[PDB]
């Protein structure tokens, strides 16, 4: 197994919710963490609050809209300049908005790809890095349909195909970078609350009760549980292209795509 202690992590959407859980779990495991978020106030407050549990030198906050490509490039550069290295990238920022759905794709999918590629720019052995791990936040919505969130579902499916593909490319390139995704069920955060608002649901707002019924039936995961999954991916050297599911029913487990790579051609 890989030891987390002393590694440098860049976590997007780290100011709150699952991102903040990731930052906390990483810090407890001895990592240094660059918290990256577009929410300036929540980001600064998050770092300030973390000073009480962790030495201030363990964290850095950088304000960044992940969908602004020059902003995101500048952010990676500042992180590497500050900590001297990059070992773990977590592309976690995401939103739910079926009304302004183009922006949802830009944040949820386009920015996961752009951040992944910047991670490879720094970490690939062939680019002068020493390898590392990139973890992309998908959802169960990356594997099954969501009638009330078709664009969110598209963005999450996008992450699964991209991640499995980039993981194979990394093997071919001998970049030493492992790429995995996490697909949680419902988690207790601000994204879950957005299903109540026409601002976020648009034409789908009338059907929101179907989601609420699901949440009542299956229950809600605590963000730390998702962080346990992240740590698992980081520590297990054999996981590349893994699609990790996390649910109330089965806890941490994996999508099984079988042992026949070209199944669908056969």
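Positions refer to the first chain, counted from 1.
According to the PDB record, 253 to 261 carries the higher mean C-alpha B-factor of the two stretches 253 to 261 and 16 to 24. For the pair 98 to 106 and 152 to 160, the mean B factor over Cα atoms is greater in 98 to 106.
Of all the options 93, 172, 135, 143, the entry's greatest CA B-factor is assigned to 172. Residue-level inspection of the entry shows that, of 181, 167, 112, 190, 190 has the top Cα B-factor.
In the PDB entry, residue 229 places in the middle third of its chain by CA B-factor.
Ranked by C-alpha B-factor against the other modelled residues of its chain, residue 64 falls in the middle third. Among the modelled residues of its chain, residue 88 has a C-alpha B-factor that falls in the lowest third according to the deposited record. Per the PDB record, residue ranking by Cα B-factor puts residue 71 in the highest third of the chain. In the PDB entry, residue 124 places in the middle third of its chain by CA B-factor.
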